[PDB]
Amino acid sequence: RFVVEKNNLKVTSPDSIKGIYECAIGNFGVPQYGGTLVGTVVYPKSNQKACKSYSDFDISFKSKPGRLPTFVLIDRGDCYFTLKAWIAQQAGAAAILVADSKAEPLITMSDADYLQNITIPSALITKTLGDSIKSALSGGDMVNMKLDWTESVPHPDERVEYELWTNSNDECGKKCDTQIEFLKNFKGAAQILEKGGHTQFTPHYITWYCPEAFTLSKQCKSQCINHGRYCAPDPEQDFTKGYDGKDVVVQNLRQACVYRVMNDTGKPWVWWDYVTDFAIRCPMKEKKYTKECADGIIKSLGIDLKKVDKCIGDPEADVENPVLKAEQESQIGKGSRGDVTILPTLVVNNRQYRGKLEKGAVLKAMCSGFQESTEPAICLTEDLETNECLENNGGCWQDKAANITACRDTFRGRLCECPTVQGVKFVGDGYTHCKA
Amino acid sequence: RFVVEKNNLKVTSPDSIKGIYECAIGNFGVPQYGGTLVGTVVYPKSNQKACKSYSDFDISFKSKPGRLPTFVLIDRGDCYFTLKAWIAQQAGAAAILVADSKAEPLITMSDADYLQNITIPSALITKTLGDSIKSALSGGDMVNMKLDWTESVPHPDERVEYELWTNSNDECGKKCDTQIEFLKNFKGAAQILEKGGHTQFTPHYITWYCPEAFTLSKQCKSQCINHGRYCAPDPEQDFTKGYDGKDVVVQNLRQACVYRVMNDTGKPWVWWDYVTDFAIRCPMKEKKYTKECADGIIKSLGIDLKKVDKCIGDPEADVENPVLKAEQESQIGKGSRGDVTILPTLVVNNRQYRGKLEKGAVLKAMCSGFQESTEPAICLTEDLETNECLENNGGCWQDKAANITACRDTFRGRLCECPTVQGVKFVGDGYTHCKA
Amino acid sequence: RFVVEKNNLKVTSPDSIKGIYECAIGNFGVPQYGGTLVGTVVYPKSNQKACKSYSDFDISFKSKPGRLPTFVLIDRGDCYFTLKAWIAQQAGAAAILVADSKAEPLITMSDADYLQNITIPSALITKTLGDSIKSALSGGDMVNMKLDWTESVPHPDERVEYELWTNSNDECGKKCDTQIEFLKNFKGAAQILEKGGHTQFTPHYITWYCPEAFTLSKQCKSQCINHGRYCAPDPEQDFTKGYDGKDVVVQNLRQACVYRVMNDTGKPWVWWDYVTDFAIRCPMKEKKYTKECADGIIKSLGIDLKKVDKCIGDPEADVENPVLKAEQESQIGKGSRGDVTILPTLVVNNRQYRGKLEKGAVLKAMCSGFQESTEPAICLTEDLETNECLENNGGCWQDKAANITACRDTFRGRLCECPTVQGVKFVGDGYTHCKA
Ligand SMILES: *[C@@H]1O[C@H](CO)[C@@H](O[C@@H]2O[C@H](CO)[C@@H](O[C@@H]3O[C@H](CO)[C@@H](O)[C@H](O[C@H]4O[C@H](CO)[C@@H](O)[C@H](O)[C@@H]4O)[C@@H]3O)[C@H](O)[C@H]2NC(C)=O)[C@H](O)[C@H]1NC(C)=O
Ligand SMILES: *[C@@H]1O[C@H](CO)[C@@H](O[C@@H]2O[C@H](CO)[C@@H](O[C@@H]3O[C@H](CO)[C@@H](O)[C@H](O[C@H]4O[C@H](CO)[C@@H](O)[C@H](O)[C@@H]4O)[C@@H]3O)[C@H](O)[C@H]2NC(C)=O)[C@H](O)[C@H]1NC(C)=O
Ligand SMILES: *[C@@H]1O[C@H](CO)[C@@H](O[C@@H]2O[C@H](CO)[C@@H](O[C@@H]3O[C@H](CO)[C@@H](O)[C@H](O[C@H]4O[C@H](CO)[C@@H](O)[C@H](O)[C@@H]4O)[C@@H]3O)[C@H](O)[C@H]2NC(C)=O)[C@H](O)[C@H]1NC(C)=O
Ligand SMILES: *[C@@H]1O[C@H](CO)[C@@H](O)[C@H](O)[C@H]1NC(C)=O
Ligand SMILES: *[C@@H]1O[C@H](CO)[C@@H](O)[C@H](O)[C@H]1NC(C)=O
Ligand SMILES: *[C@@H]1O[C@H](CO)[C@@H](O)[C@H](O)[C@H]1NC(C)=O
Ligand SMILES: *[C@@H]1O[C@H](CO)[C@@H](O)[C@H](O)[C@H]1NC(C)=O
Ligand SMILES: *[C@@H]1O[C@H](CO)[C@@H](O)[C@H](O)[C@H]1NC(C)=O
Ligand SMILES: *[C@@H]1O[C@H](CO)[C@@H](O)[C@H](O)[C@H]1NC(C)=O
């Protein structure tokens with residue numbers, strides 16, 4: 001239960017042992033915010049194991065004004081680490097320093113008890129560093145130290161998982177427009193949530209297969225790919241002028257593949273910047289609902305296109321697409337979640353969501369899974385901007401000769417709107433170009 | 001308990017019965033957000049009434065990957081509708097389709113029970129449409145359908161009612177200024193609240209009558225109208241230079257009448273745009289506290305002036321004004337509310353309000369009447385703008401030759417401030433004109 | 001339990017007793033928001049002491065439409081004031097008027113009981129004014145009055161106290177930058193909190209003393225002042241190029257002294273404007289981390305410099321600094337708070353704070369000490385701007401010949417950024433000058 005950090009521990013005196021040394025800071029007993037604790041150390045005579053209370057041996061630390069905090073050197077073993085910190089904190093100790101009797105610097109080894117009151121930092125030091133202090137304290141030399149935990153303490157091992165089911169269609173009416181306005185408004189929140197490790201978002205899509213009585217029929221050719229293995233209704237429903245379901249299944253699988261690629265590289269928030277820019281740059285009315293326009297966004301955001309077209313695979317082949325198969329399989333009820341039948345469905349913590357699609361409504365439902373003192377900044381009724389403008393200018397237009405870019409980070413996420421220079425509203429096509 | 005919607009139901013196959021048909025979607029079991037559910041239908045052999053559990057007859061629906069959802073055709077009668085949906089949802093059904101044995105398409109007919117877990121959509125179809133499916137399922141033809149509830153589910157039948165008591169005076173000190181800053185700041189919130197059906201606001205005003213010992217005295221002539229039937233103190237209290245109480249009673253009755261007219265047409269939020277623009281365009285210091293200036297706002301906002309001057313009636317006649325009589329009557333304690341004596345008094349859900357006049361304080365008090373999963377967007381710590389700019393340009397100045405208007409929708413509501421074009425701050429009188 | 005206010009009470013009739021008179025409005029029974037209550041008075045025959053229920057003597061006040069509210073004249077004594085208001089409110093009275101039988105106008109004299117339902121205003125009037133009404137009611141003359149409590153009811157006697165421990169160093173890494181971004185972001189919230197009397201903030205700083213074995217050593221000369229009585233580690237830790245701990249102890253003591261001076265004059269929020277402008281105008285990289293640059297901020301904000309340099313005293317003398325002694329003493333555990341060892345430590349209501357340093361996180365922790373219906377505007381999820389721009393232009397640059405200033409009040413507090421005029425972004429050194 002100790003995370004190893006090298007630059008955290010530093011010794012100021014004695015000068016013979018001065019320097020930076022590695023230590024394994026504890027997960028509990030330290031504050032979330034980063035900081036610094038400077039103090040001296042004391043090695044007790046009795047109860048060096050800290051397995052019993054220090055009041056029995058009449059050992060107190062008695063912090064006084066102007067005095068350096070009293071770090072305690074504890075011999076590892078005979079009792080749990082959390083109990084050692086509790087005994088020292090009762091005596092008034094500022095922090096504990098456990099020296100493992102084992103020589104391995106990497107070894108780092110419970111039940112929910114009354115340990116939340118522990119507020120003193122804990123650390124595990126190498127046996128070499130521990131015995132170096134024991135010798136300095138026996139010679140009459142003070143050992144003054146500095147401890148910089150510094151880490152904001154992410155603790156994102158168990159967070160909130162939300163899965164959204166959407167469609168890339170934009171002409172089906174107000175239902176499709178409500179989702180786009182939601183994705184554009186929720187992008188800024190979801191990005192900072194995933195960047196802070198507070199959320200794990202997985203976008204999902206819905207496809208069906210051609211029935212056996214309709215196999216090779218004309219309706220199965222217009223709405224389905226991979227020989228009728230993955231389907232979707234026609235957007236316009238006119239068919240003669242509509243884009244047909246195939247183009248929808250392709251762009252859905254493309255957006256799913258953009259997530260499959262970015263999730264492996266460690267940037268799933270890029271999926272949000274892709275689907276929002278997809279609705280802005282590649283519409284169906286302008287006939288820009290093509291693969292060429294979609295690949296332009298993939299290139300503008302630095303997304304790897306080879307990994308995407310490989311994830312997509314053959315659009316027309318009797319083989320099965322692994323992502324669309326995993327998506328149709330993801331629709332089946334996996335325990336308490338139940339089956340996913342509705343098209344705009346959101347599932348938070350493996351239980352579905354029926355409230356309104358408002359951003360604040362979705363947020364208020366997600367902040368219920370978080371515990372107190374761990375709620376993110378966004379959850380605590382605080383509004384913040386994104387930070388995508390700093391890399392590749394967010395994939396927005398830019399003129400370095402004038403220190404002027406089309407990128408702008410907002411609460412809705414990065415937006416590549418043409419900038420206004422000297423009062424002149426530049427009119428251009430967002431990132432592709434901008435001109436007065 | 002079913003709302004009738006025509007375009008919601010559509011049949012894709014068989015082609016002999018394809019088309020859009022009317023259906024009565026259920027109030028419960030459907031999500032608030034709008035969406036689409038595409039699936040096929042199944043007519044059970046036993047328990048067609050859905051009055052008993054399907055596990056007794058060993059009937060399950062067994063949803064599988066890639067399979068269309070399983071709509072169920074239930075014969076109406078012998079049990080309640082909510083119990084039919086509960087039995088099907090246990091078997092894994094996606095939605096139920098009740099076919100009324102009665103031939104009337106309009107007939108649509110409990111106690112609070114464990115029905116909140118019902119999350120499958122419910123619908124009532126005509127007996128013609130129901131028997132058309134029974135014949136298609138007996139011939140061996142699949143019936144694939146699409147159901148678009150789509151409605152955001154307003155459910156505004158029982159909402160929050162708040163009544164505010166104000167005065168149009170603007171020179172009585174800081175007390176009158178605190179109300180105007182409140183009305184200007186709360187306008188944007190109250191408008192979106194009433195537009196979404198979440199609130200019913202009624203503005204109220206306070207008037208007294210001349211005592212019998214003071215009848216026809218000079219003080220009763222300055223402060224009272226309708227031969228001393230409705231009164232108000234002098235604003236300035238100097239009388240010689242003050243506007244006298246009569247002008248206050250007239251403008252109060254005028255603002256009340258603006259609400260009486262707009263409430264009948266279905267736009268009570270216009271009262272907010274009127275009283276805020278009244279404090280901006282018709283002040284007492286500029287001597288614009290006249291009927292002419294007030295009628296200009298009535299014309300700018302498209303308010304019907306005939307219905308207002310009829311509601312006002314004769315300002316000086318021994319007859320009684322019905323609105324001011326209903327207002328003086330509205331002051332009397334009608335149950336738990338008690339009498340309304342304080343001038344800036346707010347009553348929410350027929351119980352008064354003592355907290356501070358801050359917008360967030362008034363909001364937090366109103367969001368207590370709303371239930372969870374039904375709180376409006378404004379209540380859920382989300383800040384949004386209004387939408388009055390789209391009609392008549394909100395009654396603000398506009399130059400179509402430059403695509404430039406003086407209207408601006410904000411969180412405080414529509415505001416007719418002069419726009420800034422090309423860096424040049426146009427200086428003008430708001431809506432009346434604007435010029436660089 | 002009555003606050004004396006002169007202009008609150010005014011009499012309209014009879015004309016022989018008309019005028020403004022002093023009265024002692026009650027702390028309870030009145031609303032927080034300011035307003036006005038106009039009504040007539042009634043002196044009961046029996047139970048003039050209001051010590052028994054009015055239903056026994058069959059005395060009711062019976063408010064009717066158009067009728068003036070019924071103020072009650074109660075003789076002081078024989079029972080508590082709160083019980084008198086409760087008896088009158090049951091009879092339907094609008095407000096009570098207690099006339100002290102004692103002739104002193106200043107005398108104004110419990111356990112938590114069921115008195116929260118009391119919503120009628122209460123007031124204590126002089127015996128002269130009380131007997132003047134008794135004579136007017138015996139002669140058959142109506143006494144019409146007006147009562148303007150008006151006060152927002154601050155009640156800031158017992159509020160939230162938060163103490164923050166910071167350091168003026170800006171090159172120690174990200175730990176020092178996290179604090180500055182926090183102080184810049186929290187400045188706007190903390191200022192409005194202290195201005196409304198809702199918070200008492202005391203900034204604190206951490207210093208140590210030179211050990212006896214290190215007295216007069218070179219390391220004690222670089223990090224410590226007053227002959228090694230107050231210390232701090234070197235910022236850069238290089239010493240050869242670092243500013244040395246002495247400069248840090250001096251600027252910390254200077255910032256503490258700026259608070260010690262401003263707290264006595266009644267403007268502790270100026271400390272926030274000082275430390276934020278200190279990080280903007282006097283950095284260490286530009287070598288502006290000098291006393292001269294720091295005194296410029298003291299002069300720009302109108303802070304009294306004599307009281308600051310006196311609080312600082314002799315930077316190098318064997319005497320002890322009273323503020324730094326009170327600061328080192330403030331570090332010791334004073335009850336439930338415990339010792340303060342961590343450098344960025346915040347203590348709210350004498351109990352420490354472990355959550356993240358986010359503004360919303362700190363706010364949510366502070367709003368827990370406030371009771372309901374008394375939470376400030378900032379606490380109730382409402383965002384507001386400051387009001388420092390109105391005095392000395394917030395100590396920002398200004399050009400009166402163009403109505404253009406560099407001051408701007410925001411949610412982060414006053415900021416002296418160069419203004420943009422006619423689209424031209426003026427580039428200057430904030431307040432010191434600004435030019436296109
Ligand atoms: C996006 O990429 C992330 C990369 O982190 C990925 O998250 C990872 O998912 C895997 C698979 O779900 C998680 O591994 C699971 O972790 C726990 C803890 O051990 C176990 O419950 C799981 O065991 C399963 O797999 C075992 C295989 O040995 C089986 O024996 C067992 O029966 C279970 O089936 C499983 O190991 C992993 O913890 C996360 N990691 C993080 C950091 O979240 C995510 O799934 C990717 N998403 C998509 C949509 O591709
Ligand atoms: C602004 O206009 C709206 C228009 O909707 C208006 O709201 C309506 O007010 C009326 C009158 O208060 C409401 O009707 C009431 O509804 C319930 C349900 O039936 C009943 O409690 C009431 O019965 C009363 O009236 C009966 C007359 O037959 C009496 O027999 C009975 O004893 C009661 O006195 C009454 O019918 C109506 O429901 C609302 N409608 C909506 C949609 O809110 C509002 O009052 C107008 N406001 C102003 C200030 O003019
Ligand atoms: C900033 O200036 C403000 C000015 O208001 C100042 O707040 C005041 O602090 C003093 C000292 O802490 C408070 O006085 C205390 O009040 C209560 C109520 O009576 C008592 O608990 C305290 O008694 C102490 O002092 C007595 C001296 O006679 C002793 O007999 C007793 O044992 C206690 O030690 C004490 O009187 C005062 O109430 C506040 N006032 C306000 C309005 O807050 C604040 O301390 C200054 N801060 C700094 C950092 O300089
Ligand atoms: C310990 O933390 C718990 C949290 O449940 C709290 O109730 C308790 O008062 C704390 N006790 C001490 C001594 O800090
Ligand atoms: C361009 O703008 C960036 C972003 O602030 C800034 O760091 C950089 O110095 C600027 N370059 C110029 C003004 O030449
Ligand atoms: C049904 O809803 C209630 C709401 O009170 C909830 O407590 C319960 O867990 C739900 N049960 C199921 C099976 O969904
Ligand atoms: C005027 O502005 C409106 C509002 O955006 C826009 O719809 C319209 O096309 C504009 N007309 C022009 C630029 O001629
Ligand atoms: C009095 O106030 C209390 C607050 O605890 C409330 O519960 C109660 O209903 C109120 N009673 C009346 C009669 O207003
Ligand atoms: C300067 O600006 C102030 C702040 O609004 C204003 O009160 C004043 O009238 C202005 N003076 C001018 C425009 O001469």
# chains A, B, ... in the order shown; residues from 1 in each chain; ligands from 1

call {"tool": "select_by_dssp", "arguments": {"residues": "stretch 16-240 of chain B", "states": "strand (DSSP E or B)", "output": "number ranges by chain"}}
result
B: 19-26, 37-42, 70-75, 95-99, 122-125, 144-147, 160-165, 199-204, 224-225, 230-231

call {"tool": "residues_near_ligand", "arguments": {"ligand": "ligand 7", "cutoff": "8 Å", "atoms": "only C-alpha atoms and all ligand atoms", "output": "PDB file with N, CA and C atoms, in the first residue's frame"}}
result
ATOM      1  N   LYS B 400     -31.205  45.174 -40.810  1.00  0.00           N
ATOM      2  CA  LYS B 400     -31.110  43.977 -41.637  1.00  0.00           C
ATOM      3  C   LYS B 400     -30.028  44.111 -42.702  1.00  0.00           C
ATOM      4  N   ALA B 401     -29.716  45.341 -43.119  1.00  0.00           N
ATOM      5  CA  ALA B 401     -28.703  45.564 -44.143  1.00  0.00           C
ATOM      6  C   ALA B 401     -27.299  45.196 -43.683  1.00  0.00           C
ATOM      7  N   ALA B 402     -27.112  44.879 -42.399  1.00  0.00           N
ATOM      8  CA  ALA B 402     -25.798  44.535 -41.874  1.00  0.00           C
ATOM      9  C   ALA B 402     -25.818  43.288 -40.996  1.00  0.00           C
ATOM     10  N   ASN B 403     -26.939  42.563 -40.942  1.00  0.00           N
ATOM     11  CA  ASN B 403     -27.059  41.343 -40.140  1.00  0.00           C
ATOM     12  C   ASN B 403     -26.774  41.613 -38.666  1.00  0.00           C
ATOM     13  N   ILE B 404     -27.056  42.834 -38.221  1.00  0.00           N
ATOM     14  CA  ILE B 404     -26.674  43.310 -36.898  1.00  0.00           C
ATOM     15  C   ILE B 404     -27.924  43.773 -36.167  1.00  0.00           C
TER      16      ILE B 404
END

call {"tool": "residues_near_ligand", "arguments": {"ligand": "ligand 6", "cutoff": "10 Å", "atoms": "only C-alpha atoms and all ligand atoms", "output": "list in words"}}
result
residues 336, 337, 351 and 352 of chain A; 90, 114, 115, 116, 117, 118 and 119 of chain B

call {"tool": "interface_residues", "arguments": {"of": "chain A", "to": "chain C", "cutoff": "7 Å", "atoms": "only C-alpha atoms", "output": "VMD selection string"}}
result
chain A and resid 31 to 37 64 to 69 94 150 373 377 380 to 382 422 to 423

call {"tool": "residues_near_ligand", "arguments": {"ligand": "ligand 1", "cutoff": "6 Å", "atoms": "only C-alpha atoms and all ligand atoms", "output": "MDAnalysis selection string"}}
result
chainID A and resid 202 260 263:264

call {"tool": "residues_near_ligand", "arguments": {"ligand": "ligand 2", "cutoff": "12 Å", "atoms": "only C-alpha atoms and all ligand atoms", "output": "number ranges by chain"}}
result
B: 155-164, 194, 197-205, 256-269, 271, 311, 322-324, 326-327, 330

call {"tool": "write_last_selection", "arguments": {"atoms": "N, CA and C atoms", "output": "compact mmCIF listing (two decimals), in the first residue's frame"}}
result
# COMPACT_ATOMS: atom_id res chain seq x y z
N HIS B 155 -44.56 16.39 -18.64
CA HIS B 155 -45.30 16.13 -17.41
C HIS B 155 -45.41 17.38 -16.54
N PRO B 156 -45.96 18.49 -17.06
CA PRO B 156 -46.01 19.73 -16.28
C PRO B 156 -47.36 19.95 -15.63
N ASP B 157 -48.13 18.87 -15.47
CA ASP B 157 -49.49 19.00 -14.95
C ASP B 157 -49.48 19.54 -13.52
N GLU B 158 -48.55 19.07 -12.70
CA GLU B 158 -48.38 19.53 -11.33
C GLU B 158 -46.95 20.01 -11.16
N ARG B 159 -46.78 21.33 -11.08
CA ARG B 159 -45.46 21.94 -11.05
C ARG B 159 -45.39 22.87 -9.84
N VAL B 160 -44.44 23.79 -9.85
CA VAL B 160 -44.22 24.72 -8.75
C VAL B 160 -44.90 26.04 -9.09
N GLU B 161 -45.63 26.60 -8.12
CA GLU B 161 -46.32 27.87 -8.27
C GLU B 161 -45.72 28.87 -7.30
N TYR B 162 -45.22 29.98 -7.82
CA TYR B 162 -44.64 31.04 -7.00
C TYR B 162 -45.28 32.37 -7.36
N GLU B 163 -45.66 33.13 -6.33
CA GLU B 163 -46.32 34.42 -6.49
C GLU B 163 -45.46 35.48 -5.83
N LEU B 164 -45.10 36.50 -6.60
CA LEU B 164 -44.25 37.58 -6.12
C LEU B 164 -45.05 38.87 -6.03
N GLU B 194 -40.89 28.98 -16.87
CA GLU B 194 -42.28 28.97 -17.29
C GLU B 194 -42.43 28.40 -18.70
N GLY B 197 -42.83 24.74 -18.72
CA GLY B 197 -43.95 24.26 -17.94
C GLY B 197 -43.62 23.90 -16.51
N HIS B 198 -42.43 24.24 -16.03
CA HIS B 198 -42.02 23.87 -14.69
C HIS B 198 -42.56 24.80 -13.61
N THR B 199 -42.99 26.01 -13.97
CA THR B 199 -43.43 26.99 -12.99
C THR B 199 -44.66 27.73 -13.49
N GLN B 200 -45.49 28.16 -12.54
CA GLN B 200 -46.62 29.04 -12.80
C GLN B 200 -46.45 30.27 -11.92
N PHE B 201 -46.01 31.37 -12.52
CA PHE B 201 -45.77 32.61 -11.80
C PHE B 201 -46.95 33.55 -11.98
N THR B 202 -47.38 34.16 -10.88
CA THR B 202 -48.43 35.18 -10.91
C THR B 202 -47.92 36.41 -10.18
N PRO B 203 -47.71 37.53 -10.86
CA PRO B 203 -47.31 38.76 -10.17
C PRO B 203 -48.50 39.40 -9.47
N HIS B 204 -48.25 39.89 -8.26
CA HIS B 204 -49.29 40.47 -7.43
C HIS B 204 -48.83 41.82 -6.89
N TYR B 205 -49.81 42.66 -6.55
CA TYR B 205 -49.55 44.02 -6.10
C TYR B 205 -50.47 44.35 -4.93
N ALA B 256 -49.87 44.51 -13.82
CA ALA B 256 -50.74 43.37 -13.54
C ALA B 256 -51.60 43.04 -14.74
N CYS B 257 -52.11 44.06 -15.44
CA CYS B 257 -52.93 43.83 -16.62
C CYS B 257 -52.12 43.26 -17.77
N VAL B 258 -50.86 43.66 -17.90
CA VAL B 258 -50.00 43.05 -18.91
C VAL B 258 -49.88 41.55 -18.66
N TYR B 259 -49.82 41.15 -17.39
CA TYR B 259 -49.81 39.72 -17.09
C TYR B 259 -51.17 39.09 -17.36
N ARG B 260 -52.26 39.79 -17.02
CA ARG B 260 -53.59 39.22 -17.24
C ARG B 260 -53.84 38.98 -18.72
N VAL B 261 -53.30 39.84 -19.59
CA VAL B 261 -53.47 39.66 -21.02
C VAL B 261 -52.56 38.55 -21.54
N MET B 262 -51.30 38.56 -21.12
CA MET B 262 -50.35 37.59 -21.65
C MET B 262 -50.59 36.19 -21.10
N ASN B 263 -51.16 36.08 -19.90
CA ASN B 263 -51.44 34.75 -19.36
C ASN B 263 -52.53 34.05 -20.17
N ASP B 264 -53.48 34.81 -20.71
CA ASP B 264 -54.55 34.21 -21.48
C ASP B 264 -54.09 33.77 -22.86
N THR B 265 -53.14 34.51 -23.46
CA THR B 265 -52.57 34.12 -24.74
C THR B 265 -51.52 33.03 -24.62
N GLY B 266 -51.04 32.75 -23.41
CA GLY B 266 -50.08 31.69 -23.22
C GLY B 266 -48.63 32.13 -23.22
N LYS B 267 -48.34 33.38 -22.88
CA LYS B 267 -46.97 33.89 -22.80
C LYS B 267 -46.81 34.76 -21.56
N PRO B 268 -46.87 34.16 -20.37
CA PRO B 268 -46.70 34.96 -19.15
C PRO B 268 -45.27 35.45 -18.94
N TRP B 269 -44.28 34.84 -19.59
CA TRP B 269 -42.90 35.30 -19.46
C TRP B 269 -42.69 36.68 -20.05
N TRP B 271 -44.32 39.23 -19.28
CA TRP B 271 -44.40 40.16 -18.15
C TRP B 271 -43.01 40.51 -17.63
N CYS B 311 -58.55 45.92 -19.40
CA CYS B 311 -58.29 45.40 -18.07
C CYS B 311 -58.11 46.53 -17.07
N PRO B 322 -61.72 44.89 -11.48
CA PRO B 322 -61.74 43.46 -11.13
C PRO B 322 -60.37 42.89 -10.79
N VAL B 323 -59.31 43.38 -11.45
CA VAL B 323 -57.97 42.86 -11.17
C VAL B 323 -57.48 43.35 -9.82
N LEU B 324 -57.64 44.65 -9.55
CA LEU B 324 -57.23 45.20 -8.26
C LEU B 324 -58.10 44.67 -7.12
N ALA B 326 -59.38 41.53 -7.24
CA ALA B 326 -58.83 40.19 -7.09
C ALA B 326 -57.45 40.22 -6.46
N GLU B 327 -56.73 41.34 -6.59
CA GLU B 327 -55.42 41.47 -5.98
C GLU B 327 -55.53 41.75 -4.48
N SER B 330 -56.55 38.60 -3.15
CA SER B 330 -55.45 37.64 -3.11
C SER B 330 -54.54 37.85 -1.91

call {"tool": "atom_distance", "arguments": {"atom1": "atom CA of residue C:141", "atom2": "atom CA of residue C:125"}}
result
19.8 Å

call {"tool": "closest_residue", "arguments": {"among": "C:276, C:113, C:238, C:39", "to": "ligand 8", "atoms": "only C-alpha atoms and all ligand atoms"}}
result
C:113

call {"tool": "select_by_dssp", "arguments": {"residues": "stretch 195-379 of chain B", "states": "alpha helix (DSSP H)", "output": "PyMOL selection string"}}
result
chain B and resi 195+218-223+244-265+270-281+291-300+305-312+322-330+359-366

call {"tool": "residues_around", "arguments": {"residues": "residue C:301", "least_positions_apart": "3", "cutoff": "7 Å", "atoms": "only C-alpha atoms", "output": "PyMOL selection string"}}
result
chain C and resi 297-298+395

call {"tool": "residues_around", "arguments": {"residues": "residue C:185", "least_positions_apart": "3", "cutoff": "7 Å", "atoms": "only C-alpha atoms", "output": "PDB file with N, CA and C atoms, in the first residue's frame"}}
result
ATOM      1  N   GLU C 181      -2.218  29.770  -8.362  1.00  0.00           N
ATOM      2  CA  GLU C 181      -3.439  29.602  -9.139  1.00  0.00           C
ATOM      3  C   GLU C 181      -4.654  29.477  -8.235  1.00  0.00           C
ATOM      4  N   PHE C 182      -4.473  28.920  -7.036  1.00  0.00           N
ATOM      5  CA  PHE C 182      -5.578  28.843  -6.090  1.00  0.00           C
ATOM      6  C   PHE C 182      -5.905  30.213  -5.517  1.00  0.00           C
ATOM      7  N   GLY C 188     -11.654  36.121  -5.696  1.00  0.00           N
ATOM      8  CA  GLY C 188     -12.972  36.703  -5.884  1.00  0.00           C
ATOM      9  C   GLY C 188     -13.999  36.144  -4.921  1.00  0.00           C
ATOM     10  N   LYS C 359     -11.285  25.457  -5.889  1.00  0.00           N
ATOM     11  CA  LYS C 359     -12.116  26.485  -5.268  1.00  0.00           C
ATOM     12  C   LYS C 359     -13.477  25.926  -4.875  1.00  0.00           C
ATOM     13  N   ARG C 412     -12.779  36.126 -10.182  1.00  0.00           N
ATOM     14  CA  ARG C 412     -11.480  35.927  -9.557  1.00  0.00           C
ATOM     15  C   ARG C 412     -10.994  37.159  -8.808  1.00  0.00           C
TER      16      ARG C 412
END

call {"tool": "residues_around", "arguments": {"residues": "stretch 72-88 of chain C", "least_positions_apart": "6", "cutoff": "10 Å", "atoms": "only C-alpha atoms", "output": "PyMOL selection string"}}
result
chain C and resi 1+26+28-29+40-44+47-55+59-61+94-102+109-110+113-115+117-125+127+130-131+133-134

call {"tool": "residues_around", "arguments": {"residues": "residue C:224", "least_positions_apart": "2", "cutoff": "12 Å", "atoms": "only C-alpha atoms", "output": "VMD selection string"}}
result
chain C and resid 207 to 211 214 to 222 226 to 234 244 to 250 315 to 318
